[PDB]
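Numbering (the UniProt record's numbering), first residue to last: 246 to 558.
Heads up, the beta-carbon is just placed ideally off N, CA and C, and yes, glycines get one too.
Note sheet for the following structure.
If you want it as structure tokens, here you go:
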């Protein structure tokens, strides 16, 4: 471990040390092209539901964006059902989503049906996204989630911050073919998935970063050259400096890169590679500070739209 911290440290303010690069095969297609008129969440199992009328309440003077709605402690305020947990918000797409409480040791399985995804020409019509809380900074130790009926918008997750702990969620995904059989990669054609939009405002005074970590068995993170997202001493992958408000050595601001489709969107991306079932964690870290604003709700989108074509081997 001490030698990986040293590898991280030398690489912090550099681009790739080498020219070595291997093409990423895009065998797995899980992107906007796979959403159909029939795509939807068919069920959510394992989690208590949050009534939309509880989820939509904010405090006087608050903005009503989805992140602000997310940053409240709903432990013990999750008495909804699948019907009344349905929420509309433009960030969820035109078909909306569902509010759910995530709790320690209670994985929540979100099933999508009606897909037209593929892997080497095998049609993927259904998927299970399993979310499991791993870290929460709220008093109740819970997280709130809104799961979108668009699997490419995926999830918004957050809670109130009372201490310095990370927000962290494990996501394990199963893809199914039309016959109902799980689709797993062939030996020489791993799954590739994007880890995008990992913004960071981290400074010595404070701020926070969105990260990925804890890549599961047969999964690995791969660096994109010129990306600010790279492995840190704590084992997580994020930008250790501010690319959001312009105070960092690069002077970059969120509007300079953090948009889907931006030429600079790779600034906050990596690539996930899986020779097996996809599984990894995502979250938010203040590196331990408790009074950091807007540092406990995030949007995590899942797709195969990589912001690169090759990676370091």
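Could you check the C-alpha separation between residue i and residue j for me, to the nearest Å?
i: residue 546; j: residue 443; result: 11 Å
i: residue 296; j: residue 346; result: 10 Å
i: residue 407; j: residue 537; result: 10 Å
i: residue 374; j: residue 540; result: 24 Å
i: residue 490; j: residue 427; result: 43 Å
i: residue 461; j: residue 527; result: 12 Å
i: residue 544; j: residue 434; result: 29 Å
i: residue 286; j: residue 280; result: 12 Å
i: residue 370; j: residue 521; result: 19 Å
i: residue 343; j: residue 470; result: 37 Å
i: residue 366; j: residue 419; result: 17 Å
i: residue 463; j: residue 306; result: 47 Å
i: residue 255; j: residue 341; result: 44 Å
i: residue 511; j: residue 321; result: 40 Å
i: residue 309; j: residue 265; result: 47 Å
i: residue 403; j: residue 422; result: 32 Å
i: residue 261; j: residue 504; result: 23 Å
i: residue 554; j: residue 509; result: 14 Å
i: residue 318; j: residue 383; result: 6 Å
i: residue 385; j: residue 348; result: 9 Å
i: residue 473; j: residue 247; result: 22 Å
i: residue 459; j: residue 381; result: 16 Å
i: residue 334; j: residue 303; result: 14 Å
Between which two residues does the alpha helix (DSSP H) holding residue i run?
i: residue 448; result: Unbroken run through residue 448: none, as it is neither H nor E.
i: residue 311; result: 311-315
i: residue 323; result: From DSSP, residue 323 is part of no alpha helix (DSSP H); its letter is neither H nor E.
i: residue 252; result: 247-256
Counting only C-beta atoms, is residue i closer than 7 Å to chain D at any point?
i: residue 496; result: Included in the structure is just one protein chain, with no chain D present.
So for residue i, helix, strand or coil by DSSP?
i: residue 461; result: coil
i: residue 303; result: coil
i: residue 470; result: coil
i: residue 543; result: strand
i: residue 434; result: coil
i: residue 337; result: helix
i: residue 278; result: helix
i: residue 491; result: coil
i: residue 297; result: helix
i: residue 425; result: coil
i: residue 517; result: strand
Could you round the C-beta distance between residue i and residue j to whole angstroms and report it? I think they count as a contact, below 8 Å.
i: residue 515; j: residue 467; result: 6 Å
i: residue 275; j: residue 548; result: 6 Å
i: residue 263; j: residue 557; result: 7 Å
i: residue 531; j: residue 409; result: 6 Å
i: residue 513; j: residue 438; result: Actually they do not touch by this definition, with Cβ atoms about 15 Å apart.
Looking at residue i and the ligand ZN, is the gap between the Cβ and the nearest heavy atom below 6 Å?
i: residue 414; result: The ligand ZN is not among the ligands present in this structure, which contains no ligands whatsoever.
Along the chain, where does the beta strand (DSSP E) containing residue i start, and where does it finish?
i: residue 596; result: Only positions 246 to 558 of the chain appear in this structure, which leaves residue 596 out of reach.
i: residue 343; result: 342-347
i: residue 379; result: 367-380
i: residue 264; result: Per DSSP, residue 264 belongs to no beta strand (DSSP E) and is neither H nor E.
i: residue 392; result: 388-393
i: residue 505; result: Where residue 505 is concerned, there is no enclosing beta strand (DSSP E), given that its DSSP letter is neither H nor E.
i: residue 404; result: Segment: none, residue 404 is in no beta strand (DSSP E) and carries neither H nor E.
i: residue 528; result: 523-530
i: residue 360; result: 353-360
Identify, in the order they occur along the chain, each residue of the same chain with its Cβ nearer than 8 Å to the Cβ of residue i, setting aside the five sequence neighbours on each side.
i: residue 337; result: 311, 391, 393, 394, 395, 398 and 401
i: residue 448; result: 486, 487, 492 and 493
i: residue 327; result: 288, 289, 294 and 343
Starting from the C-beta of residue i, find all residues in its chain whose C-beta is less than 6 Å away, skip the five residues before and the five after it, and write them out in chain order.
i: residue 417; result: 375 and 524
i: residue 352; result: 291, 375 and 377
i: residue 476; result: 253 and 482
i: residue 268; result: 555
i: residue 316; result: 403, 405, 541 and 542
Please return the same chain residues whose Cβ sits closer than 7 Å to the Cβ of residue i, not counting the five positions on each side in sequence.
i: residue 498; result: 489, 490 and 491
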